[PDB]
Every structure is written in structure tokens, then in C-alpha cells.
Amino acid sequence: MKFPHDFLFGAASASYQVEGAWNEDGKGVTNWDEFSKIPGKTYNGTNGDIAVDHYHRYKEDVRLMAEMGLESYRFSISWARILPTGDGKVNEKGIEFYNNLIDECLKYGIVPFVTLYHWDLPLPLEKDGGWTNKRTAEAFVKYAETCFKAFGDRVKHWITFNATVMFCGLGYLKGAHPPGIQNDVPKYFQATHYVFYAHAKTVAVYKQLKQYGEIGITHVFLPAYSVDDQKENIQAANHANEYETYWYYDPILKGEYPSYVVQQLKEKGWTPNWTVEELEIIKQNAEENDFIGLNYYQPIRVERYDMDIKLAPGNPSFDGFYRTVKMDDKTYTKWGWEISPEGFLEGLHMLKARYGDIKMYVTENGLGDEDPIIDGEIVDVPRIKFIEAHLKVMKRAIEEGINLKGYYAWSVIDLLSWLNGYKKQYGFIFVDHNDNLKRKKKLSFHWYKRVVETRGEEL
Ligand SMILES: C[C@@]1(C(=O)O)OC[C@H]2O[C@@H](O)[C@H](O)[C@@H](O)[C@H]2O1
């Protein structure tokens with residue numbers, strides 16, 4: 001019984017990835033609904049139209065989570081289910097559905113942890129300029145307030161945004177996410193600003209509501225290490241960390257943007273169109289966050305741009321100052337992501353040094369795999385070893401006085417990986433695409449049950 005009763009063992013899903021029912025019960029079209037049908041954007045033309053069909057079998061999937069001894073389920077609300085056009089009339093049929101999902105989790109004592117925005121923007125709001133238009137931030141606040149009024153009697157754990165770095169960075173820098181834009185740095189940075197503004201304003205509204213649950217944001221956590229002891233490389237890491245960690249966590253946690261990056265955007269002419277009022281709202285609401293969410297999969301190993309010659313190479317950074325690299329002496333997934341428990345642990349240390357005793361939830365962590373199948377059984381031993389290694393570093397972080405209060409494995413069920421199809425499995429529950437999307441427990445499902453039952457006595 002080592003992890004305290006204070007700490008939730010969970011597993012996670014995202015609405016676009018898991019629900020399907022893209023056109024049902026009054027749901028508005030989203031950006032991912034349109035974007036996924038552009039050839040070249042999703043793996044093998046893979047879709048969320050049906051996804052894994054969680055919308056129609058939510059009762060079954062929740063029964064399974066309960067059978068797994070799950071303590072908390074983290075899912076996302078589809079904004080286009082509540083408010084189809086982003087604003088305007090509320091779709092009651094969408095409110096019914098999330099009330100039913102919430103109520104079913106609750107039957108079995110499973111705690112909802114709810115993400116409001118997991119990348120699936122109602123389409124008009126894309127056409128307005130998405131997160132580059134303050135309007136979308138004001139719309140988001142209204143939506144959040146709608147969800148709070150409708151669901152907040154029962155839901156006491158809320159996430160505003162998920163992984164802003166990806167949706168903003170992939171949407172405006174690489175064109176791999178909607179709206180599909182490439183190398184527009186100013187829009188990227190502007191998008192992150194309006195998101196952080198929407199967050200802080202939403203947090204202020206939630207607290208004025210007097211609902212007595214908790215709220216915070218979920219970021220990607222992607223700690224950057226220097227590939228060696230070389231000063232140029234150390235500097236490349238510092239810079240990586242500034243842009244990938246500090247830009248995101250400082251505004252939410254500290255109430256100020258990191259002056260290092262601010263100085264460089266000014267020089268480059270890329271500073272966002274931000275107002276004093278917006279920055280005050282951010283500044284005054286940094287102290288209102290109850291927690292920080294971490295989606296952590298890997299660190300990155302960096303060398304400076306001109307230290308090739310100075311161990312395979314890496315992708316260059318957006319401003320071309322550094323690049324990430326792969327290395328002989330480390331372990332990678334089959335899609336090339338590093339598996340680094342020591343990476344994660346020092347990462348956690350770096351975060352307590354800067355942000356102090358902030359309450360941390362690991363809102364995503366897991367292994368993407370093409371699962372071994374034997375006699376119709378999914379024997380996903382690699383996933384078990386992945387989660388095991390990460391759970392052990394958490395156990396140690398806690399022993400070391402880090403304020404970690406939950407762990408949500410990425411993918412409670414097999415679902416759609418945005419850009420990797422169904423082939424990049426991440427779940428505890430298998431889904432049979434060849435047998436009418438039927439659910440089967442994997443090896444990992446039974447293992448995780450035991451971990452929760454024992455609260456992590458695994459040495
Ligand atoms: C990007 C991908 C993947 O499919 O590879 O990684 C894992 C996980 O990242 C999370 O940060 C996203 O919220 C979620 O949607 C997941 O999907």
C-alpha cells in the first residue's frame with residue numbers, strides 16, 4: 001500500500017480519438033472532422049468518424065474500467081457536442097451524454113478528471129482564426145462555464161487545455177494539425193498566448209463559481225538534456241527548455257512569460273499582440289491553479305546546430321539553433337520515442353526547482369506499440385514494462401518529496417492516434433477492428449488492476 005489514498009491511479013482518453021458519432025445527436029462539425037479527409041494528413045486516411053465507437057458503448061467501457069479497479073477516468077468533452085457552433089445555443093443532447101458518462105463512472109466510484117479542450121475545435125471557430133483570435137478565447141470561457149454549470153456538482157477535477165505545444169505548434173509551424181499552417185511563428189506564439197489567457201480567465205470564472213473542485217492546465221512535459229558536458233550543447237538544452245518548458249509553465253505557474261524568450265521574440269519582431277489586461281488576468285490567476293498536468297513520454301537529447309562533428313542525427317528546431325538526436329546507448333519505441341525513466345526523474349526534479357511544491361498529476365504516460373498477439377490474446381508485456389518503469393520513478397519522486405498526486409496511463413482503451421492510425425496502440429483494453437470493434441482485456445489490464453489493488457508495492 002505505498003502510494004497514498006490521496007493519489008489516483010487512472011487511465012485516459014480523448015474525445016476525437018475515442019468517441020466516433022461525429023454527426024450524431026446535434027454535434028457540430030469540428031476542425032478534425034474536416035482536416036482528417038485531406039489526403040496526406042492522417043495515416044492511411046484514418047478517421048474519427050467512427051473512431052473506436054465509445055459514444056455508443058460508454059456503459060461497456062466504464063464497466064471494464066471498474067473491473068480493472070480504475071480509480072479515475074480522464075476524458076475530454078467535445079465542445080462541438082455542447083455548443084455546436086462554438087457559441088450560441090447549447091445542445092441538450094450533448095449535455096445528456098456527458099452526464100451519463102459522468103454518472104456511470106460515479107456508480108463505480110471512478111473519479112472523473114475532465115479535459116475541456118483536447119484539440120477538437122468547432123469549425124466556425126477555426127474559420128474565425130482559431131486560437132489566433134481573442135474571440136475563440138472568449139468562446140472557450142463561455143463553453144467552460146457551460147460545462148461547470150451543467151457538470152460541476154459531480155465533476156471536481158477539471159483540465160482546461162491539453163497539450164497546447166502540440167496543437168499550436170503542429171497547427172502553425174509544421175502544418176500537421178489543423179488549421180494546417182506552416183512556418184508562421186508569430187501565429188504560433190500568438191496562439192499560445194490566447195490559450196494561456198483563455199486558461200487564466202477560465203480559472204478565475206471557475207473559482208467565482210464556488211464549486212470546490214480543482215482546476216489546472218495539462219502540458220506536454222518534454223525535458224531537454226544536453227547530449228554531453230559541452231558548453232555549446234548545454235546552452236542548446238537551456239534554450240530548448242526555455243522554449244519547450246518555460247514558455248508554457250512560467251505563464252501558468254508563475255504569472256509571467258519567461259523574459260529570455262520575450263527578449264528574443266522582440267528582436268525577431270515575433271511578439272504576440274498582447275494587452276496589459278490579458279497579461280494581468282494571467283498574472284493574477286497564476287496563484288489560482290490547483291495543479292499542473294503533465295503529459296510525459298520522453299525527454300529530448302540536444303546538440304547545438306553547429307555541433308554535428310563535435311549517435312544518429314536529429315530534427316532541427318524551429319529556429320534552427322539546436323537539433324534533437326538519437327543515441328546508441330538509449331532505448332526507443334518502434335515509432336522512435338525515447339524510453340527514459342531517468343529522463344523523467346531528473347525532469348521532475350528540474351520542475352520542483354523552478355515551480356516549487358506545485359501539485360503534479362501525470363495526465364498522460366504510456367507506450368505506443370504494435371502489440372504481440374498470441375492465440376487471440378494480447379500479451380503486451382512491453383507496455384507493462386514501460387508503465388512499471390515510470391511508476392517506479394514516481395514512487396521515488398514521492399519518496400523524494402515531489403507532490404505527485406495521480407497517474408493516468410495513456411490510453412485506457414485502444415483508440416485513434418491522430419497521425420499514426422489505429423496501429424499505434426496505447427490501451428489497456430484491446431479493440432477488434434476485424435470483429436465489429438469488440439473489446440478484450442489485454443495482459444496489461446490484469447497487471448494494472450494488481451498495481452492499483454496493491455497501491456504500487458512492486459519494489
Ligand atoms: C500524440 C499521441 C500519439 O498519438 O502519439 O501521443 C500520446 C498522446 O499525446 C497526448 O499528449 C495527446 O494528448 C494524446 O492525444 C496522445 O496521442
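Just so you know, ligand 1 is whichever comes first in the structure, and atom 1 is the first atom listed for that ligand. FYI, side chains are in, hydrogens and waters are out, and symmetry mates aren't considered; it's all heavy atoms of this structure. The first residue of the sequence shown is numbered 1, and numbering continues consecutively from there.
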Interatomic distance, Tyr426 atom OH to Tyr297 atom OH [nearest 0.5 angstrom]
5.5 Å
Apply the side-chain contact (heavy atoms from CB on, under 4.5 Å) test between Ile252 and each candidate in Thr160, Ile358, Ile282, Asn289; give the one that qualifies.
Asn289
Which of the numbered atoms in ligand 1 are below 4.0 angstrom from a heavy atom of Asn162?
12 (C), 13 (O)
Looking only at protein heavy atoms, which one is nearest to atom 1 (C) of ligand 1, and what is the separation?
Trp418 CD1, 4.2 Å
For atom 11 (O) of ligand 1, which protein heavy atom lies nearest, and how many Å away is it?
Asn295 ND2, 3.0 Å
Tell me if a side-chain donor or acceptor on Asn133 pairs with a main-chain N or O of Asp128 at a distance below 3.5 Å.
yes
I need the contact type for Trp335 against ligand 1. Using non-hydrogen atoms and a strict under-4.0 Å cut-off, is it side chain, backbone, both or neither?
neither
Quick one: does any side-chain atom of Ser317 pair with a main-chain N or O of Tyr322 as donor and acceptor, under 3.5 Å?
yes
Out of curiosity, is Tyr296 lining ligand 1, as in a heavy atom under 4.0 Å away?
no
So, is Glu364 polar-close to ligand 1, with some N/O to N/O distance under 3.5 Å?
yes
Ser417: numbered ligand 1 atoms lying under 4.0 Å from its heavy atoms
3 (C), 4 (O), 5 (O)
Quick one: are the ring centres of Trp131 and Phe161 less than 6.0 Å apart?
yes
Can you tell me if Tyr297 has a non-hydrogen atom under 4.0 Å from ligand 1?
yes
Note: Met166, heavy atoms under 4.0 Å from ligand 1, region reported as neither
Does a donor on one side chain and an acceptor on the other come within less than 3.5 Å for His239 and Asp319?
yes
With only distance considered, is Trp119 within less than 3.5 Å of ligand 1 through an N or O on each side?
no
Answer with side chain, backbone, both or neither: which part of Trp337 has a heavy atom less than 4.0 angstrom from an atom of ligand 1?
side chain
Please verify whether a non-hydrogen atom of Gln17 lies at under 4.0 Å from ligand 1.
yes
Report the distance from atom CG of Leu345 to atom CD of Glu400, rounding to the nearest 0.5 Å.
5.5 Å
With side-chain contact (heavy atoms from CB on, under 4.5 Å) as the test, pick out the partner of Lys207 among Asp290, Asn285, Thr202.
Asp290
